[PDB]
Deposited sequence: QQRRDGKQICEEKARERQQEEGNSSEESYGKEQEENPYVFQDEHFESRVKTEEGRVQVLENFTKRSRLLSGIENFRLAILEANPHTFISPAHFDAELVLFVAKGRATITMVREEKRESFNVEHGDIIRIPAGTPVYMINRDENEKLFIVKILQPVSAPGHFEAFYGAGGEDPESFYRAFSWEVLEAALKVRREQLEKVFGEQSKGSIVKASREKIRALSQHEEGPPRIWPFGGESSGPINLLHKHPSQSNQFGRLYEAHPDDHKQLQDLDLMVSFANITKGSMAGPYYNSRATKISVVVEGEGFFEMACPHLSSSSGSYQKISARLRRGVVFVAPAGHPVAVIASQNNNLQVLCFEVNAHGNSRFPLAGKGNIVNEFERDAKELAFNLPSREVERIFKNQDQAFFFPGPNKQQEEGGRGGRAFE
């Protein structure tokens, strides 16, 4: 299944006692079917309570989502140093090239953040540039000769070897109880918002780039779905956007029709927590949750401007909107004999499975 990514497709770039960062492989590596989203990479960051994430700037425009816990994200722009207080559900865009560090405020629960990066310059490949540490993460300063650093900073050579040539703990280190306290057009909370879809079978929260200028620069919509146990997300497809969905918590399963994979096309997966599945534009996809627990899934909708969700099944079903004569010629069956199939349901988007 080219449209499904489990744990074996990730690659840990950061691994410490107090934290880890997993980076998903390029979507154009396995198959060319995902020729789009080639300039998009997916990253997952988790950290222990009262820990510190070393500062670094990226070769990519960064948009992240706070999956669990609370945190303090500090961005360093031109002169101005912005610090923002975020919570579970907040969305922040980090502009490419700016330095950013963050901590885990909370005392007992962890901290999970889902990053999506659009590489500038070379597409599909991004790197983190570390300005601190000489062994644990080498400072790019160490890539310069000593004469250049001595001349630029006007500092003794042995003092440079001392400041950089220390720190071997992690790009995610632990913090003192006091240092966490001192550090604690802005962030956008997706959960604390009027749901675009509201019913007992599911709660859908989405932030479209027309509403918030933070997401307009990348033309990317972030949407979150809380599925009721046993319920399902009815079969539908996006007009123009390609859905990159990541499971935050829970189990279920999804199915999708792909005319590219057939013999002139059954595509499905089990869908557990920590699995990424890509739903391209125009592909009919349906998500069903197990009867035991919920299915909280985060979706990234690339190319969101002009998108229009078409439900294959529901109140606004795209088929029962046809003319009475067109339904007859299509199925080669009388009108009322096929008019009843799409008129039976009354719910919206979310259904029970």
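Residues 1-35, 220-235, 316-319, 409-424 of the deposited sequence have no C-alpha coordinates in the model.
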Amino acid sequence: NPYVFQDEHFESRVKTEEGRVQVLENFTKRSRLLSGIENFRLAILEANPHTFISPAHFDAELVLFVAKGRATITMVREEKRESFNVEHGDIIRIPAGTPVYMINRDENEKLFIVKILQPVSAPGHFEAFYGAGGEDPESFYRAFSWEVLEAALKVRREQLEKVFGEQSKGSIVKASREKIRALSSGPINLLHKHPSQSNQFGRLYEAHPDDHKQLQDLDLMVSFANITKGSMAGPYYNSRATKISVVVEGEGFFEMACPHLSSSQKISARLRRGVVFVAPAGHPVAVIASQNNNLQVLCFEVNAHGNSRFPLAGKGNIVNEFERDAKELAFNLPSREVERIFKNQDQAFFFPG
From here on, numbers count along this sequence of modelled residues.
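Two stretches are in play, 54-62 and 294-302, and the higher mean C-alpha B-factor belongs to 294-302. Comparing 218-226 with 114-122, the higher mean C-alpha B-factor in the PDB entry belongs to 218-226. Taking only the listed residues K266, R240, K162, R142, the entry reports the highest CA temperature factor at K266. Looking only at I37, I44, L33, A326, the residue with the top Cα B factor in the deposited structure is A326. Among the modelled residues of its chain, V338 has a C-alpha B-factor that falls in the highest third, as given in the PDB entry. In the PDB entry, a CA B factor belonging to the highest third of its chain's modelled residues is recorded for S196.
For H88, the recorded CA temperature factor ranks within the highest third of the chain's modelled residues. Looking at the C-alpha B-factors along this chain, the one for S231 belongs to the highest third.
Per the deposited record, the Cα B-factor of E166 falls in the lowest third when ranked against the other modelled residues of its chain.
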